[PDB]
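This document starts with one chain, in the form deposited in one PDB entry, laid out as structure tokens.
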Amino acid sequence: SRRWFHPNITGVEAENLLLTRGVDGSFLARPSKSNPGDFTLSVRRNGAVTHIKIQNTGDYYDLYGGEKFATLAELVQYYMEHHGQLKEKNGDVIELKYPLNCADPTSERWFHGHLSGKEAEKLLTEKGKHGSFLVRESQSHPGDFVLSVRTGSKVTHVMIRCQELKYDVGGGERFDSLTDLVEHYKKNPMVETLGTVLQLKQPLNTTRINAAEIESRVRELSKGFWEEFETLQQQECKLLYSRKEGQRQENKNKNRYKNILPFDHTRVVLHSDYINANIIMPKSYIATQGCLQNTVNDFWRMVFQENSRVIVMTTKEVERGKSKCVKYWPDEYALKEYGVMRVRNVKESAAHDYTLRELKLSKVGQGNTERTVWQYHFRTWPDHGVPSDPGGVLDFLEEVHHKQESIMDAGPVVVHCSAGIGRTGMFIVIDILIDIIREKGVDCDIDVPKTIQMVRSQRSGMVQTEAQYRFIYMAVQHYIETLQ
């Protein structure tokens, strides 16, 4: 529910809360202030609390003394089911049982704060349609709040009272949080004495902009990005789709990371049929993990079957001493057979930021089925964080786009890194956003969080860090600004 995630809590605070309001098996998750980017899973057992690090360095969440995951939500779901798997001192097992809910509404899409009554009516006027709503703090009766809704023709305002940390609309139920209050009236709408029904359909969109004003939006978010990224993160519980196929005993060894699996509904099916990969539709894409030694034949079968002619590799084979992907292509001028798949490395050309490999791909025994597959291999991604300038990624992407565009009836573009969710998500999203622009010019509407959220519903946790989030904005602004 993401209720168990507390965006504005301290470690000490976390300990008090679990100790007073919680019980054994209670837990919560919070950003770690012991060096940002991290997160902590705070859990109570034996009348005491332990804090457990989870790292995200761009590729995944790594629970210490636990598995690797695509989202915190998937992490929590996994340990709230599979009991005995979450171990403490490499021995003691901790049980996640009782999510300790957060009454802090800052990460809701519908929540603003700071905002005036009039600036509310303007945005609900400019941007809103039937059902759109927001909550803001009352300025006139401070400590209270106001819910404003459009019936798109009309803006209605409802006072929300805070009475010793409980919320009400002046009668009826007193709720533990504004989220509960909101969720209650989204399903149990209010009626005006007059007959109009206040449907709370969708929160007001405060992220879609005209592309011509990304310079503006960025500087605003630059003193911002975090609240917005976190608002998106809070939406990940809506995205817990089934991932049964990757979880079969037969398929387990085909996954590089056990718990980072493809959604059943968008997975690439091989005509065994399993590969850890998904179709991403916004030009379509396939997002996949870096090959294992034992999935290389599957990888090429996939490329063949889908008629993909471009492949984008966003990782070095080894980074920070860790293997990310196995070399799955021939030396230059060599030919190899991968099961029934044959690939020749016809030529390589290095540029500053990447290497290009021209590969010929075919089924063994059927030379009529040959086609040129172009592999772009991004080599300059840094150890930590993201690149300083987006010019590299950009020229890389524009070059990829043009190769794709110059081949008739080309299939999806295959994008991968290691888990296939971090840089992989970041590249696809950037590419989707620029596509819109090359088509519709500069006078058009783009929406970063919503675009990521659309992609997240097709493969788990696409775009992993706030650092990748910020980078997307920088990348698009750059492209915009150099279009003049």
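Sequential numbering from 1, following the sequence displayed.
The modelled chain breaks after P282 and resumes at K283, leaving 10 or more residues of the deposited sequence without coordinates. Counting the unmodelled positions of the deposited sequence between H271 and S272 gives a gap of 4 to 9 residues.
In this crystal structure, the stretch out of 357-365 and 109-117 whose C-alpha atoms carry the higher mean B factor is 109-117. The mean Cα B-factor in the deposited entry runs higher for 175-183 than for the other of 300-308 and 175-183.
Of the candidates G170, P330, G392, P189, it is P189 whose Cα B-factor is highest according to the PDB record. As recorded in the entry, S32 carries the highest CA temperature factor of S418, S32, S26, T451. In the deposited entry, the Cα temperature factor of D409 sits in the top third of values across the chain's modelled residues. Among the modelled residues of its chain, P142 has a C-alpha B-factor that falls in the highest third, as given in the PDB entry.
For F396, the recorded CA B-factor ranks within the lowest third of the chain. Only modelled residues enter the ranking. Compared with the other modelled residues of the chain, the Cα B-factor recorded for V442 ranks in the highest third.
In the PDB entry, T372 places in the lowest third of its chain by CA B-factor.
What comes next is about the form solved in complex with a small molecule, which does not appear here.
No member of the trio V310, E399 and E405 reaches the small molecule in the deposited bound form with any non-hydrogen atom inside 4.5 Å. Only one segment in the set 227-235, 161-169, 322-330, 339-347 has any non-hydrogen atom within 4.5 angstroms of the small molecule in the deposited bound form, and it is 227-235. Residue contact with the small molecule in the deposited bound form: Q453 places a heavy atom within 4.5 Å of it. Proximity of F111 to the small molecule in the deposited bound form: non-hydrogen atoms within 4.5 Å are present. Although the partner is absent here, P449 sits close enough that one of its heavy atoms falls within 4.5 Å of the small molecule in the deposited bound form. Remark: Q139 does not count among the residues lining the small molecule in the deposited bound form, judged by a heavy atom distance of 4.5 Å or less. The single contact residue among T355, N297, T207, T369, judged by any heavy atom lying within 4.5 Å of the small molecule in the deposited bound form, is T207.
Among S216, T156, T106, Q199, the residue placing a heavy atom within 4.5 Å of the small molecule in the deposited bound form is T106.
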